[PDB]
Each structure stands twice: as structure tokens, then as C-alpha cells.
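>
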Amino acid sequence: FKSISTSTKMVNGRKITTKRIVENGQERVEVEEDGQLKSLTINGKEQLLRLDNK
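Note that the sequence shown covers residues 137 to 190 in the deposited numbering.
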């Protein structure tokens, strides 16, 4: 079920940390560099949520 994991990487002095979260068959992903994200997708889907329409 929901899992809280990530992945680091020392890229030319750049601690790229990608967040991997596996909940209801979905893998969250967001690269973090110097306290700054550049990506944020879900199992390959750019979207947060829509409680209004589920």
C-alpha cells in the first residue's frame, strides 16, 4: 500500500532526490534539487487531485 520512499543522486553537486510513493497503484515522482522541485507526476500523469469530482 502507500509507501514513502525516495532516491538520491550526487549529480555534479546536485542532490537530486526523487520521491517514490506507491499507493492505489500509483507512483508519485518529483526530482528535488537544492530544495527545489522540477518535476511532479503520478504514474505518468501530471495532476494533483479532484475531490470535487473524485
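Yeah, the Cβ is synthetic: ideal placement off N, Cα and C, and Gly gets one too.
1) Less than 6 Å between C-beta atoms, sequence neighbours within five positions excluded: which residues of the same chain meet that for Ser143?
2) Compare the Cα-Cα distances from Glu169 to each of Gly161, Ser141, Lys145, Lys138 and report the closest residue.
3) By the three-class DSSP mapping on this structure, what secondary structure does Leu173 have?
4) Just grab the DSSP bridge partners of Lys151 for me.
5) Given a threshold of 16 other Cβ atoms within 10 Å of its Cβ, counted over all protein chains shown, does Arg164 qualify as buried or as exposed?
According to the structure shown:
1) These residues qualify, in order along the chain: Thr154.
2) Relative to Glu169, the option among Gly161, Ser141, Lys145, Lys138 whose CA is nearest is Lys145.
3) Strand.
4) Under DSSP, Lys151 forms a beta bridge with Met146.
5) Burial is judged here by how many other beta carbons sit within 10 angstroms of a residue's own beta carbon; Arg164 has at least 16 and is buried.
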